[PDB]
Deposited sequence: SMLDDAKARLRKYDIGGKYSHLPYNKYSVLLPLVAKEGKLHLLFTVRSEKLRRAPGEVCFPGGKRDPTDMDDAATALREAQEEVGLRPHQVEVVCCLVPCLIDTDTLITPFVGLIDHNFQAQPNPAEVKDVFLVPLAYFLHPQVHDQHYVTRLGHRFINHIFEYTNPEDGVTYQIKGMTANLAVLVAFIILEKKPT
């Protein structure tokens, strides 16, 4: 099926816990995959202004590891719950993609999660200003703007609202789209 096929593709790129023990300042992000209307979508947040890191920006759910977390996947799930109300029975973590090195002392670990069809986001306004979906296929033919550095613009056909997706977030979106959608019969 569609979801079984996504999982089987994603498992081929799982690095596991290989880089998880190194002595960095550690953050995790959840890349949440949602099936709607026969197709896969990624869920994004718009971060609240009040926040420490990346205020006002489009980002995946995520944040800083704390002493309660059993492992880096636990950080990603804890933070997704706090930001959009995603509960643990509502997500299956399928793999750990290549981590992102930043600022010489920081490592950000991305996890891909399949989201239950009955989940509905409850934006926590202390953390998140907005939550939106983008079809995964968009990232194969995005609308690109140069600010030189590349920025995607996505307009939601439901309401005409435009979002700007850039940086690590845009890079990880393209990666997931390639893994799942490359070389597919129609």
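Positions of the deposited sequence absent from the coordinates form one stretch: 148-157.
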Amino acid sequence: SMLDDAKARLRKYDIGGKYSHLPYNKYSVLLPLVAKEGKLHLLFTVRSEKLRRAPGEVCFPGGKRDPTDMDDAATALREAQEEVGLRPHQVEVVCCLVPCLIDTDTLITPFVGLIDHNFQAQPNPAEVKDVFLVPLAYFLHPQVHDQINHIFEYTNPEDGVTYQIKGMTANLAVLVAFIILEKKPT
From here on, numbers count along this sequence of modelled residues.
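What we label the rigid core is the largest C-alpha set whose atoms superpose within 1.5 Å from one form to the other.
Across the superposed structures in 8 other deposited structures of this protein, aligned by the core, the stretch whose Cα atoms lie more distant on average is 54-62, chosen from 32-40 and 54-62.
The PDB entry reports B-factors from which the mean C-alpha value can be compared for 50-58 and 129-137; the larger average falls on 50-58.
Comparing 59-67 with 155-163, the stretch with the higher mean C-alpha B-factor in the PDB entry is 155-163. Looking at 117, 26, 41, 150, the one whose CA carries the top B-factor in the deposited record is 150. When the modelled residues of the chain are ordered by their C-alpha B factor, residue 103 lands in the highest third. Looking at the C-alpha B-factors along this chain, the one for residue 88 belongs to the highest third. Per the PDB record, residue ranking by Cα B-factor puts residue 30 in the lowest third of the chain. When the modelled residues of the chain are ordered by their C-alpha B factor, residue 15 lands in the highest third.
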